[PDB]
């Protein structure tokens, strides 16, 4: 019942970081988990089985609760489901004490068909039980009638706190993403502003209007719609995705939108500079500058230590900025 602004602030006060852990498991990660767990006699899956909230997931709980040794031989058709889900629970278990937010990119959960969407639901239920803020990164975009399906999937089925949105088609789509008039519900989102891909300048910087580059125009229009929807008063927000390799744009966005929520991917695997990113994007309410780190944690041999490393680096920078 509390809005996302309030939930995020409360979590930030409890754990004192702005680390956002990205959970994007690829086929190799799942294969590697099954191989490593076969070698270490299922050390991590055995730990997963001891956690309280595994008893609360809603999809194929009985399969997940089985011993790894029983699955491989007598439930071959559930093997991929089992190891995929257990990899996700392992990462969450190892790293959640350091996380302000988890962000799950939908692309990683769909390419096997339905099975990965069951895993995704179980992941969102598990995070909900742990009371950890969630972002579903799906970069959704469509006309209003179609996009309402994503509002349902993301905010009703998964019970996500927030999602990502590409508003290139227009900003009117957000009326059917961030607001449900019949249910009188408000939801939060981050819109794409400046992205990490190497050619991101080709439309985001080269296109312009009124002496302002497209990324600035798009950030303004997203805030105009947030204001139209009265999201702030309802404890929700529309924020911006700004790449952690995009230092000038991060500085421009925080300078011209000093109150905005920013989500910043690109540190670690994509080699963004954490110091410049967090400094340029800084806000004393530092839930407003989420630093997403995916592969540098999930592909590290010791994800707890990887998360700790980034938690420590971030906190040192926040301390410097708090002066």
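Here the rigid core means the biggest group of C-alpha atoms that line up within 1.5 Å when the two forms are laid on top of each other. Numbering follows the first chain given and starts at 1.
**Q** So which moves more in 7 other deposited structures of this protein by CA, 236-244 or 71-79, given a superposition on the core?
**A** Farther on average in 7 other deposited structures of this protein: 71-79.
**Q** Consider 188-196 and 131-139 separately and indicate which one has Cα atoms farther, on average, from the shown form in 7 other deposited structures of this protein after rigid core alignment.
**A** Result of the core-fitted comparison in 7 other deposited structures of this protein: 188-196 deviates more.
**Q** Comparing 69-77 with 170-178, where is the mean C-alpha B-factor higher?
**A** For C-alpha atoms only, the mean B-factor is higher in 69-77.
**Q** Between 101-109 and 82-90, which has the higher average C-alpha B-factor in the PDB entry?
**A** The recorded data point to 82-90.
**Q** Looking at 295, 254, 288, 38, which has the biggest Cα B factor in the entry?
**A** If I rank 295, 254, 288, 38 by C-alpha B-factor, first place goes to 38.
**Q** Choose from 233, 206, 149, 195 the residue with the greatest Cα B-factor as stated in the PDB record.
**A** Comparing C-alpha B-factors across 233, 206, 149, 195, the top value belongs to 233.
**Q** Lowest, middle or highest third: which one holds residue 266 when the chain's residues are ordered by CA B-factor from the entry?
**A** According to the entry, residue 266 has a C-alpha B-factor in the chain's lowest third.
**Q** Going by what the PDB entry lists, where does residue 156 fall on CA B-factor within its chain: lowest, middle or highest third?
**A** CA B-factor rank for residue 156: middle third.
**Q** Going by the recorded CA B-factors, say which third of the chain residue 23 sits in, lowest, middle or highest.
**A** It falls in the bottom third of the chain.
**Q** Considering only modelled residues of the same chain, in which third does the CA B-factor of residue 210 rank: lowest, middle or highest?
**A** Highest third.
**Q** Please rank the C-alpha B-factors of the chain's modelled residues and tell me whether residue 138 sits in the lowest, middle or highest third.
**A** Lowest third, going by the recorded CA B-factors of the chain.
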